């Protein structure tokens, strides 16, 4: 019974994108067994951000995924001790980000130690010009590679003017504790959304919904 | 109204993989509005194949996709005149394939002119050693890029010994007729499966099921 | 040894690019120990070509490389029996080509059986619109990977309007005979040029100069 | 006139690799017009480093390149005001690094503000296990892309046991001052070398030699 149906979330992100330093605090709440989660974010340093806030949002826990009984839930099995993930975000225009989160737990509260770094965004590109609207929904492919749980995603940012700006995700997920049983090949559907924000995005309210599945023919 | 609920499928593939020439004939049936399709394949030249048959199977029509009414069906709109697609298959171990299909229609029957080429498969790899079992199911991301309909997929071959061998698909789809309406960003779930085969895979029965959707939260 | 300071070259290429079939014959001469080589090419089928001829030109023998004594010459050691290579050409705009050449020798003459395939060139792109001028010179990195001699190159096509169109080469080189000694990590500088051509590029005269080296400080 | 034939070099690097924080100070000298440079490095925080020191070494100025007169020297023209570069290091085994350097000048001294970040290095890989010997020499391809000076390199680390571990560099170089003339397509040969180090690599002496050129036939 280590994970409770209602959990609190504390987060701190430190980052550097195109040479710009920043620090962002996060405070949120979530329902792990329903695969849903919400968070309020506040830029504590480096505001106002000179880049598109949307690039950060997926760095702000796969614990908040609705897993069917017939699929192994690696993420919930990682607790109480916790787990870490490392991610690479490869954008179609040469922009490249890397990110990390060390996730632990105390009582009803998840703690997130997050780092986010980025370079090679063109000065006239959508991220530096803040021409982003939202991430499209996605389907993350979960598989094991040399004993490490890995997720690959084809992601896309919707742009002003109804074009799309493509990004490839790769994430590695590692439990702290030895001998957590790895899952079989499966899928995780995503939908992430900014519900509200102030003008400079110094304050942002974020929401995520995510569900695991086995694909066709078992839709 | 050109596409009928029950369609016949005639196919011919010429190919060359790691220097090995081959020709494969195909004869099948399908239900376009249900997104389901079947085919019998016969190796006419270059049998027995020295590589894994599984690499070819997705080259053996997105017409056979179940589209909801709220998503534009580019593929069914492309007929009677037809359409063509070009695909790149980038394998994790440097192996690389390209393929193409020109698709036309006469009365009841789809005609498929298919080409398939491949190089740089390591001699000790799963393809050249025929250590493949099946493709996992997939979710193809459909989007428009510079006016061209494009699908990217994270694909995986299940190996003997329950490991996975990763491949990235990219496909472009082009209607023959000029003014066919492009769809919005959406998804196509896949499941492709070899139902039966003889020992050397000179005769193979193939099946595909595919459904289009808009992701979460509408799933 | 088998290789004479002046050699003849016979070549035959069969190809398919963006669905377009073609056949090209080649007749040339070269100085292996000087790393220089020349060839006359004639399109025998599929002329006039609807794509940029420049794409093909590196498929038209690393035997013609000037090797210093302190670097192992894998290519000249492969004869009389010969060798084969397989290449992938990954273009910046998604265009993708693969090629292969089986090279044998009789008396003073090299024989080249060549295949060249390509897909996913955008209809609007520099290749399909024949906006290419030349390949820039290059430096190919030669190294051994899992017992196979491999060369990676950062290539670039100079475009009309003085822009550049980038392509990544990867080539594997395999001697036909067992136990040809592999070289250490080294470099091969290239310069390939079209000396002349008729209007439709049905007839083309081609030239290559190539020199092996060990990099700094020995330049 | 801003660049003198003998120059001093002051450097500070902050970094984070696989979650490990570190700070490294650097003090060196160089001969810009000869393309030669050397530096003493001292780990001030996070020592001893749990990863291979070699990965950092190219982050420790293209000013120190020997440019011929017939090629535009963007880097020396960027002073006194200075310039910045941003780099991506994509390793063959999924490991990925990013780096940045803001370079300024006062009197005879260059000042380097450097950041270096890395994730997704496998725990059993050559970087995390410190199985690295040296970078091979290299040839960087310099070209302009959408008005930005860019360098791509095929790099390789020599491993214990005489294998190679491949990495792709991409770097963007941006002068601080408006209207510094961009160069034409050209090449920069490199050779970087650790001259000495203590057991834990808390103290390291580094050397670089680099020469620009136009390739064959003028090599």
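Ideal geometry is used to build each Cβ from the backbone, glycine not excepted, and the neighbour counts take in all protein chains shown. All of the numbers you see were taken from the coordinates with simple rules; none came from a lab.
Which residues, counting only those in the stretch D:202-219, are away from chain C (no Cβ under 11 Å), more than 15 Å from residue D:185 (Cα to Cα) and assigned to a strand (DSSP E or B)?
Result: D:203, D:204, D:205, D:206.
Only one of (1) surrounded by 22 or more Cβ atoms within 10 Å (Cβ to Cβ); (2) assigned to a strand (DSSP E or B) fails for residue B:55. Which number is that?
(2)
What's the total number of residues in the stretch C:164-189 that are within 10 Å of chain D (Cβ to nearest Cβ) and either in contact with a helix residue (DSSP H, G or I) (Cβ under 8 Å, 6 or more places away or on another chain) or surrounded by fewer than 16 Cβ atoms within 10 Å (Cβ to Cβ) (or both)?
Here the count works out to 1.
This table checks each residue for (1) within 15 Å of the chain's Cα centre (by Cα); (2) assigned to a loop (DSSP other than H, G, I, E, B).
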position	(1), (2)
A:33	no, no
A:37	yes, no
A:40	yes, no
A:59	yes, yes
A:72	no, yes
A:79	no, yes
A:88	yes, no
A:97	yes, no
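Mind counting the residues in the stretch A:131-146 that are at the interface with chain B (Cβ under 10 Å from one of its Cβ atoms) and either more than 25 Å from residue A:215 (Cα to Cα) or surrounded by fewer than 21 Cβ atoms within 10 Å (Cβ to Cβ) (or both)?
3
Taking the criterion of being buried (at least 18 other Cβ atoms within 10 Å of the Cβ), under 21 Å from the mean Cα position of the chain (by Cα), farther than 24 Å from residue D:121 by Cα and away from chain B (no Cβ under 11 Å), would at least one residue in the stretch A:111-130 satisfy it?
yes
Do you know which residues across the stretch D:15-31 are over 22 Å from residue D:199 (Cβ atoms) and in a loop (DSSP other than H, G, I, E, B)?
If the condition is that a residue be over 22 Å from residue D:199 (Cβ atoms) and in a loop (DSSP other than H, G, I, E, B), then D:19 is the only one that fits.
Quick one: how many residues across the stretch C:1-15 are more than 17 Å from the chain's Cα centre (by Cα) and closer than 30 Å to residue B:102 by Cβ?
The number of residues fulfilling the criteria is 0.
For the stretch A:187-201, give me the residue count where each residue is under 18 Å from residue A:85 (Cα atoms) and either over 14 Å from the mean Cα position of the chain (by Cα) or in a loop (DSSP other than H, G, I, E, B) (or both).
So the count comes out to 1.
Based on this model, can you work out whether residue C:64 counts as within 14 Å of chain B (Cβ to nearest Cβ) and in contact with a strand residue (DSSP E or B) (Cβ under 6 Å, 6 or more places away or on another chain)?
So residue C:64 does not fit the description; no.
Considering only the stretch C:85-110, how many residues are more than 9 Å from every other protein chain (Cβ to nearest Cβ) and at positive phi?
1
One residue is enough: does the stretch D:43-51 have a residue meeting the conditions in contact with a strand residue (DSSP E or B) (Cβ under 9 Å, 6 or more places away or on another chain) and within 13 Å of chain A (Cβ to nearest Cβ)?
Within the stretch D:43-51, none of the residues are in contact with a strand residue (DSSP E or B) (Cβ under 9 Å, 6 or more places away or on another chain) and within 13 Å of chain A (Cβ to nearest Cβ).
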